[PDB]
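Asks: One structure, as structure tokens, below. Some questions next.
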2 protein chains.
Amino acid sequence: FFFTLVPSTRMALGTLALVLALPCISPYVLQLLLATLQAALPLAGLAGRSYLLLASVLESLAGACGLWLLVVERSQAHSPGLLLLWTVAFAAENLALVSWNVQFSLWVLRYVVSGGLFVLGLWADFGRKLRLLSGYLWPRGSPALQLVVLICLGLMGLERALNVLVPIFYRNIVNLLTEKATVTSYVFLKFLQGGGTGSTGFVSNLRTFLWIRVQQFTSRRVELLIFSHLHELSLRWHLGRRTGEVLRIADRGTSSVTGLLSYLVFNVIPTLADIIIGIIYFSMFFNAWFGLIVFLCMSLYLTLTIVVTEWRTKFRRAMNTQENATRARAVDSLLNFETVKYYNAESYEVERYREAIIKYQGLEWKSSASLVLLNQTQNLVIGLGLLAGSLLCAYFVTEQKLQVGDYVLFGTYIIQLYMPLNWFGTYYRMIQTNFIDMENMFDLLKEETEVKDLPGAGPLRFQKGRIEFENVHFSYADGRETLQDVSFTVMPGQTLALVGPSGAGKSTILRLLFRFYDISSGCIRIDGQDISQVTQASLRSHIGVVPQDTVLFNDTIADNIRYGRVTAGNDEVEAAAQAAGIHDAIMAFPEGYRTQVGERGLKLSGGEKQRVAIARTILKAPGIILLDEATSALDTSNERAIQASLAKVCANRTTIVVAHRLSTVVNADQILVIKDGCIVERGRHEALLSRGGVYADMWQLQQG
Amino acid sequence: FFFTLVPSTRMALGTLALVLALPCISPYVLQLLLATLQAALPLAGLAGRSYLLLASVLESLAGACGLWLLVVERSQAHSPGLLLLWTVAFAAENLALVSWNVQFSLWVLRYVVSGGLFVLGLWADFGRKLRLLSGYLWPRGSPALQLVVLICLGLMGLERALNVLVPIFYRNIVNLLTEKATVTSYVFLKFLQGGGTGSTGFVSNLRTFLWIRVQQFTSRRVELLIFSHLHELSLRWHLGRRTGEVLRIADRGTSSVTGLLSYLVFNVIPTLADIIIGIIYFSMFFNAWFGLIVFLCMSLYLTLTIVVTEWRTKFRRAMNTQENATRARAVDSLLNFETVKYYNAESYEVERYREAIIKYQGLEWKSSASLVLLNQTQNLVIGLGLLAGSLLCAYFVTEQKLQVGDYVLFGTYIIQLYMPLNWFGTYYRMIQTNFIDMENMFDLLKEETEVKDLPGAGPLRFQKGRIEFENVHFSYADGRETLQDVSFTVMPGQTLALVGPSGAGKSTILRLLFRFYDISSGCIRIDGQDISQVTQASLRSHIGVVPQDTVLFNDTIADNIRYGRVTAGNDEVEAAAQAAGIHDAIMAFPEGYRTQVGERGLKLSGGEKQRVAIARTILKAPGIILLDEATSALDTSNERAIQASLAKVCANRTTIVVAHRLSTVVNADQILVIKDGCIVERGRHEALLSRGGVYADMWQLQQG
């Protein structure tokens, strides 16, 4: 009787008013008809009208009006289907009326049940490893995710507890079936069966659902750590490595961390804890040889799965090598179609390719048959363990020395213990692959620098822009002298122009002004102070180097300009684009001031790429200028335009230029050619032409 | 009593004499000690010595001597460990002696058991689809594999029979547990439990083991069929396609056929047959609403798994697109390390890359949470179906209107029915991928030719080698005239040399002598008969064309020479190598006469590659010669050597040469230049020099 009112209260409590707050013609009239029928049913209940009747009428009145509001709010433009389904599910009390075979309530219930049906129808060392990983499970200094880690370990402790405790309740169910040979207490056991067996995979899903956010934070932390640490400078270590393997080992390391911690806390610790707690549960059930023979079963299954996966891996390697060989022979016979047609190997090459197919497919049969013998001897000893355990329990129940009828517990319990063991055994090759993915990343975490930030690293006192060199040296190898004993002092507002030999000594000198490399001896100073005692970022924040190339990331053009200095608004972007003059290219381009460029976006011409580069350096606004002028010259409008923009960025600036062109070198303050690790001549253009040094030879080279 | 003798007979029958035939110091002395102890045990049994005693002594004598033979045969240089293990396993009868707590037998058994323990220790439209696939399950005309297909369908019918029938025997086991509340008949049920539950995965492994050889024959048949059919000639269809996609669609089609027939006969037909036979088993058990609610369970699980895999696939596509975008931005920020260091984006690019990582990882959380909601609502309605079914069976057993105690059958049977349903539901995307892999292959099976073998295709009456052209035309497109109205008759033992324009008209003319292409009109005949009425292979078996390039397959050099004609022995290979003169290169190469060459083997120089090509054509031995002389000339020793080998293969032969060199054209019978689809001049070298045609212009071009 009260169960119907409780079910009505539970149905009426489907967050009707609560959700209605939270979520904020013929079909609308059909809903208004249901709301009219619900108002009529509630007015019929009020007309029929004790506290249950008044509470029913109150629930009916609120639910009915909520239907009108829900329908009207959809007109002002899922959950109603859930409400109607939950209500129609609660209407299964009807059978309790039929069980009788007062009246006004039956008519009201019959009218309600029809009105709901209408609503639903209308709605339609390993110590170092463990210490480092226990540190790797610690996010940060914030109290909102350590609590979630506590939830994860709490459900992890709950899962094996329920996983061992609910087959005992199944045993209680069948035992009480024998002892009643009661329905109410049997239903109070069956509810534990329902909410227990509908909870194993459910609690595994909740575990993995919070494990997702655990992996989110850990992957963020390790990926940003290694991405910061691969942005240190060791260029000889850099350039021999391609970018693809360098970031592939990083992705393998973060998925190594993910798979490693998730599997070692999800399928290694819990299955060993499950086996241990099963044997100890038997040790509090009955201390006998049963735990020993079941322990023999699980250990034997583990050992055979490991050793036949070790049998599997060599067959997989041989099968991979044979399929690579046959597909290579196939495509390389297909490559020269014309000589395959020139000879009458039309019926021969199919025979030799079929021979290679047979030679691969035999090893394919061997590998798949090894899988067959794995699963075969596996299920054979599983059947033998079930047979031995089931016979010893059968002997026990027919001898009645323990509690009887419990054979279903020991029957399903071996299968339930075994079900994670192959789930482990398929990942023995995987955990060692995770180890070799994480160990190289651990080596990569903490390696080295090439330029070393000495203590006392301070700011760069940008007084005037006066750069002096004093008997300096350099090596990128042993005895490697691309630069040897040069010395100068370049002044503010003046310009050095540099030609070198056919070699990267010019760019190397440009990089050691930048301190992109190191010096073995000598003295390089900027504005009085040595370049090596200071912070690198405060050194290179006052430096603008024009590169000969120009990268274009897959992004838009205002972000590409703000790549010069990211603290800009769009006003300085447009002002720098009008300073360079490349804003008219943005007029010629579609997207306003956000033209998507790069590798897949909108491409560019080479002088315009250098115009985007010089616009980036214009936005960056240093005082120290270092141009890398291309040997690839352009049209004289493009040539004098890039020289005029170089003038507009270089006027009254401390400017240092490497170049091989004419207009740059016919006007500068001093022209230097630096070949074989030394300055080979010094002087202006008129000085080199009046002394006739190697500038005469390179004058013949620029002539032709 | 007799069980011990039967076990002794079964142990003695471990194929001791049978295998010993089939398979054909301190450890040897240890085995001789065991054989001496076994001779002593058998002599003790003969000394103790009725028919069982004489049969035991006979088994002991044969087994003992087999141990001496097995040990000695290993000295004359696994199974002995199996024999000793099977024997020591049979020695578990010992407990039957202990059960007593005659004598000579006990001492003999005690001495035997010790002797075995020593041996073991010492040893250590879909209608068209179904019709075509039912044809695709038919191998050939041989009676040894259709029988295996009958075995496959027999075990397939056996598997569902046992899979439904053995939980009824589990129900019999627990029912007889209740009705004995007998041990011998209960063991005669428990043996069915053992040999039945140790047979489900076992018969699945035997099925898949013979399915392996089924896949072997079907993959051989379909791969060789499509490999023959991709070796037809449609060159405009050929050249636009790369080899990799052409063979990748073939590998996808054969694995499509494999996965398609194996899954549609293994996880679609049997699981539907299992559901149907479960409901019909209930229909012969009790015809009620139980079959309807279980049918509701299985259908609801199927529908939700399908629709949330359809929910899954768009999340997988979006997650793939986002991970491609983030990894592309990451590697393209890493590409220009020097500008990343030139600007102070060292702390900015890590922030923008972390922003992209967050933007991808949110969709990663959404996809993995979609997997969570899949498994969650899955296990939720599985628990609801278990709850409804288990409660209705609980109501039935507490009301006793059926056979009681059967609740374990309906308990495990829903799980056992369900266990293949997700095994199907994970392959809904896979079967449609198999369909799109097989349909294009079906289109590729039967397409077309470009040169059509007309009926009346006969041999090539190789009388003299006289080739005539009569107002001929050609097109590889619409209105495409690289050749238009040329006509000649080249004689036996004489030589035409051909120069063309900067275009492939020369090679195209060379290919239409070969009938590599088709003609729109005209008349091309060889030795009186038209080239188009005949078989292609009998046309191109009397033709040797020197190609400008030379393919080298990943194989050895005698097979590379026998690529000219595969019917050769090694005598003609060596004779042709001495005819060309490239056998001294085989002397310079390591492997005798089998030097492994190709892409991974031993490489070559270009003139020597052409020497291997001309050795192939020398071995092929035609009369019709067609040289494709390279424009890339070599050293004058190499040049006059390849011209001298061309002379040695071309002397008194019907020879046609395309060339651009000098020594070929200063001696030939007639020199033709064919530009813009016409012969532009005719005559010998002295004729072109005495009339001064375009040979004057190309004389200036060869001069410089």
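Going by the structure tokens order, chains are called A, B, ..., each with residues numbered from 1, while ligands are numbered from 1 in the order shown.
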Need to verify the contact set: segment 170-176 of chain B, 8 Å, only C-alpha atoms, exclusion of same-chain residues closer than 5 positions in sequence. Can you return it as a ChimeraX atom specification?

Replies: /A:405,407 /B:186,189-190,193,404-406,408-409

Asks: Those residues with C-alpha atoms, as a short mmCIF file (atom, residue, chain, number, x, y, z; two decimals), in the first residue's frame please?

Replies:
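Saved file selection11.cif follows:
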data_model
loop_
_atom_site.label_atom_id
_atom_site.label_comp_id
_atom_site.auth_asym_id
_atom_site.auth_seq_id
_atom_site.Cartn_x
_atom_site.Cartn_y
_atom_site.Cartn_z
CA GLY A 405 25.49 -26.82 -2.02
CA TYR A 407 29.63 -25.92 -5.69
CA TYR B 186 27.50 -38.01 -9.88
CA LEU B 189 27.98 -36.48 -14.59
CA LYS B 190 31.19 -34.75 -13.48
CA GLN B 193 31.33 -31.51 -16.88
CA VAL B 404 13.54 -26.21 -8.88
CA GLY B 405 17.16 -25.43 -8.11
CA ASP B 406 17.82 -24.52 -11.75
CA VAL B 408 22.41 -21.34 -11.78
CA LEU B 409 21.49 -22.38 -15.35
#

Asks: Can you list, as number ranges by chain, every residue of segment 337-556 of chain B that DSSP puts in strand (DSSP E)?

Replies: B: 467-470, 488-490, 495-499, 523-526, 529-530, 543-546

Asks: If we count only C-alpha atoms, which residues of chain A reach to within 6 Å of chain B? Please list them as a list in words.

Replies: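 Within 6 Å of chain B on chain A, we get residues 194, 198, 202, 205, 372, 376, 383 and 387 of chain A.
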
Asks: Env of residue 548 of chain B: 9 Å cut, atoms = only C-alpha atoms, seq-sep filter 2 positions within chain, self excluded. Answer as a ChimeraX atom specification.

Replies: /B:546,550,610,627-631

Asks: From the options A:366, A:480, A:352, A:525, which residue's atoms come nearest to residue 461 of chain A, counting only C-alpha atoms?

Replies: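 Distance minimum relative to residue 461 of chain A lands on A:525.
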
Asks: I'd like the contact shell of residue 252 of chain A - 9 Å cut-off, only C-alpha atoms, skipping same-chain residues fewer than 5 positions apart - returned as a ChimeraX atom specification.

Replies: /A:247,257,434,437-438,441

Asks: Take the selection from the previous step and output its residues with N, CA, C and O atoms, as a PDB file, in the first residue's frame.

Replies:
ATOM      1  N   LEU A 247      60.373  13.898 -31.724  1.00  0.00           N
ATOM      2  CA  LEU A 247      59.055  14.021 -31.118  1.00  0.00           C
ATOM      3  C   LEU A 247      58.315  12.690 -31.054  1.00  0.00           C
ATOM      4  O   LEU A 247      57.426  12.532 -30.209  1.00  0.00           O
ATOM      5  N   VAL A 257      54.344   6.447 -20.163  1.00  0.00           N
ATOM      6  CA  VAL A 257      53.985   6.815 -18.796  1.00  0.00           C
ATOM      7  C   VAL A 257      52.519   6.491 -18.531  1.00  0.00           C
ATOM      8  O   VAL A 257      52.182   5.868 -17.514  1.00  0.00           O
ATOM      9  N   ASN A 434      57.150  -0.292 -22.921  1.00  0.00           N
ATOM     10  CA  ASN A 434      56.975   0.935 -22.157  1.00  0.00           C
ATOM     11  C   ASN A 434      58.254   1.313 -21.422  1.00  0.00           C
ATOM     12  O   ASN A 434      58.580   2.499 -21.309  1.00  0.00           O
ATOM     13  N   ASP A 437      60.608   2.786 -23.866  1.00  0.00           N
ATOM     14  CA  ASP A 437      60.143   4.103 -24.273  1.00  0.00           C
ATOM     15  C   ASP A 437      60.365   5.152 -23.187  1.00  0.00           C
ATOM     16  O   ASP A 437      60.564   6.329 -23.506  1.00  0.00           O
ATOM     17  N   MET A 438      60.334   4.757 -21.911  1.00  0.00           N
ATOM     18  CA  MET A 438      60.472   5.730 -20.832  1.00  0.00           C
ATOM     19  C   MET A 438      61.917   5.964 -20.408  1.00  0.00           C
ATOM     20  O   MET A 438      62.230   7.052 -19.912  1.00  0.00           O
ATOM     21  N   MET A 441      63.597   8.640 -22.552  1.00  0.00           N
ATOM     22  CA  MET A 441      63.024   9.929 -22.180  1.00  0.00           C
ATOM     23  C   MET A 441      63.597  10.419 -20.855  1.00  0.00           C
ATOM     24  O   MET A 441      63.859  11.618 -20.689  1.00  0.00           O
TER      25      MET A 441
END

Asks: Residues within 9 Å of residue 464 of chain B, please, as a ChimeraX atom specification. Count only C-alpha atoms; anything in the same chain fewer than 5 positions from it doesn't count.

Replies: /B:491-493,527,623,654

Asks: Give me, as an mmCIF file with N, CA and C atoms, in the first residue's frame, all polymer residues having an atom no more than 12 Å from residue 556 of chain B, counting only C-alpha atoms and skipping those fewer than 2 positions away in the same chain.

Replies:
data_model
loop_
_atom_site.group_PDB
_atom_site.id
_atom_site.type_symbol
_atom_site.label_atom_id
_atom_site.label_comp_id
_atom_site.auth_asym_id
_atom_site.auth_seq_id
_atom_site.Cartn_x
_atom_site.Cartn_y
_atom_site.Cartn_z
ATOM 1 N N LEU B 552 66.806 -4.082 -61.587
ATOM 2 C CA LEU B 552 67.502 -5.142 -60.869
ATOM 3 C C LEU B 552 66.625 -5.557 -59.695
ATOM 4 N N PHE B 553 66.025 -6.739 -59.791
ATOM 5 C CA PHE B 553 65.233 -7.257 -58.690
ATOM 6 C C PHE B 553 66.144 -7.693 -57.551
ATOM 7 N N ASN B 554 65.573 -7.754 -56.351
ATOM 8 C CA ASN B 554 66.322 -8.192 -55.176
ATOM 9 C C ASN B 554 66.458 -9.712 -55.245
ATOM 10 N N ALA B 558 72.345 -15.037 -61.654
ATOM 11 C CA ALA B 558 71.984 -16.054 -62.635
ATOM 12 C C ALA B 558 70.482 -16.103 -62.849
ATOM 13 N N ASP B 559 69.700 -15.859 -61.796
ATOM 14 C CA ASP B 559 68.270 -15.642 -61.975
ATOM 15 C C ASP B 559 68.001 -14.343 -62.728
ATOM 16 N N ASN B 560 68.836 -13.320 -62.516
ATOM 17 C CA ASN B 560 68.696 -12.074 -63.262
ATOM 18 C C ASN B 560 68.991 -12.261 -64.743
ATOM 19 N N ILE B 561 69.893 -13.180 -65.085
ATOM 20 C CA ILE B 561 70.153 -13.466 -66.491
ATOM 21 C C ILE B 561 69.059 -14.363 -67.062
ATOM 22 N N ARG B 562 68.639 -15.386 -66.305
ATOM 23 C CA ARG B 562 67.536 -16.266 -66.689
ATOM 24 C C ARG B 562 66.182 -15.558 -66.715
ATOM 25 N N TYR B 563 66.103 -14.318 -66.231
ATOM 26 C CA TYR B 563 64.958 -13.461 -66.502
ATOM 27 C C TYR B 563 64.761 -13.196 -67.995
ATOM 28 N N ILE B 586 81.161 -10.939 -62.862
ATOM 29 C CA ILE B 586 80.765 -11.970 -61.907
ATOM 30 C C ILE B 586 81.992 -12.564 -61.227
ATOM 31 N N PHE B 589 82.697 -10.064 -58.612
ATOM 32 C CA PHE B 589 81.666 -10.095 -57.590
ATOM 33 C C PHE B 589 81.797 -11.367 -56.754
ATOM 34 N N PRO B 590 81.335 -11.344 -55.491
ATOM 35 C CA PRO B 590 81.699 -12.438 -54.562
ATOM 36 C C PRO B 590 81.131 -13.816 -54.875
ATOM 37 N N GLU B 591 79.834 -13.933 -55.166
ATOM 38 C CA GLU B 591 79.111 -15.173 -54.902
ATOM 39 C C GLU B 591 79.231 -16.206 -56.018
ATOM 40 N N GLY B 592 80.299 -16.177 -56.808
ATOM 41 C CA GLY B 592 80.499 -17.254 -57.756
ATOM 42 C C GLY B 592 79.787 -16.988 -59.059
ATOM 43 N N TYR B 593 78.585 -17.548 -59.198
ATOM 44 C CA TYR B 593 77.696 -17.229 -60.310
ATOM 45 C C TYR B 593 76.300 -16.863 -59.821
ATOM 46 N N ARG B 594 76.154 -16.555 -58.534
ATOM 47 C CA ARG B 594 74.868 -16.272 -57.898
ATOM 48 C C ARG B 594 74.957 -15.006 -57.053
ATOM 49 N N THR B 595 75.472 -13.928 -57.639
ATOM 50 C CA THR B 595 75.720 -12.699 -56.893
ATOM 51 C C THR B 595 74.414 -11.952 -56.652
ATOM 52 N N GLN B 596 74.080 -11.766 -55.377
ATOM 53 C CA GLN B 596 72.820 -11.162 -54.951
ATOM 54 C C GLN B 596 72.828 -9.670 -55.259
ATOM 55 N N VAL B 597 71.952 -9.241 -56.169
ATOM 56 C CA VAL B 597 71.906 -7.849 -56.609
ATOM 57 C C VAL B 597 70.526 -7.268 -56.331
ATOM 58 N N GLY B 598 70.330 -5.998 -56.681
ATOM 59 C CA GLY B 598 69.017 -5.388 -56.611
ATOM 60 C C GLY B 598 68.964 -4.038 -55.927
ATOM 61 N N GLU B 599 68.061 -3.907 -54.956
ATOM 62 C CA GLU B 599 67.920 -2.695 -54.157
ATOM 63 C C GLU B 599 68.649 -2.783 -52.829
ATOM 64 N N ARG B 600 68.700 -3.975 -52.233
ATOM 65 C CA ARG B 600 69.438 -4.217 -51.006
ATOM 66 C C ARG B 600 70.710 -5.022 -51.225
ATOM 67 N N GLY B 601 70.913 -5.568 -52.422
ATOM 68 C CA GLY B 601 72.057 -6.416 -52.686
ATOM 69 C C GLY B 601 73.285 -5.673 -53.170
ATOM 70 N N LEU B 602 73.881 -6.170 -54.248
ATOM 71 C CA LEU B 602 75.134 -5.646 -54.778
ATOM 72 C C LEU B 602 74.840 -4.795 -56.007
ATOM 73 N N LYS B 603 75.251 -3.531 -55.964
ATOM 74 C CA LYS B 603 74.829 -2.552 -56.957
ATOM 75 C C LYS B 603 75.724 -2.627 -58.197
#

Asks: Write out as an mmCIF file with C-alpha atoms, in the first residue's frame which residues come within 9 Å of residue 312 of chain B when counting only C-alpha atoms, dropping same-chain ones fewer than 4 positions away.

Replies:
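That gives us out.cif:
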data_model
loop_
_atom_site.group_PDB
_atom_site.id
_atom_site.type_symbol
_atom_site.label_atom_id
_atom_site.label_comp_id
_atom_site.auth_asym_id
_atom_site.auth_seq_id
_atom_site.Cartn_x
_atom_site.Cartn_y
_atom_site.Cartn_z
ATOM 1 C CA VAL B 307 24.163 2.957 -32.054
ATOM 2 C CA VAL B 308 26.921 3.899 -29.584
ATOM 3 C CA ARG B 316 37.371 8.952 -33.261
ATOM 4 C CA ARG B 317 37.500 10.990 -36.482
ATOM 5 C CA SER B 367 35.768 10.115 -26.814
ATOM 6 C CA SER B 370 31.760 8.005 -24.778
ATOM 7 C CA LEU B 371 33.430 4.608 -24.374
ATOM 8 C CA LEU B 374 28.840 2.732 -23.866
#

Asks: Please report the interatomic distance between atom CA of residue 611 of chain B and atom CA of residue 582 of chain B in Å with one decimal.

Replies: 6.7 Å

Asks: For atom CA of residue 38 of chain A and atom CA of residue 65 of chain A, quote the distance in Å rounded to one decimal.

Replies: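 Rounded to one decimal, the two atoms are 8.3 Å apart.
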
Asks: Write out as a PyMOL selection string all residues of segment 331-488 of chain B that DSSP puts in alpha helix (DSSP H) for this structure's backbone.

Replies: chain B and resi 331-335+337-342+349-399+407-418+421-425+428-444

Asks: So the first atom is atom CA of residue 355 of chain A and the second is atom CA of residue 314 of chain A; what is the distance between them in Å, to one decimal place?

Replies: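 The value is 22.5 Å.
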
Asks: Here is a test: counting only C-alpha atoms, which residue of B:568, B:89, B:649, B:557 is nearest to residue 609 of chain B?

Replies: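 Smallest separation from residue 609 of chain B among the options: B:557.
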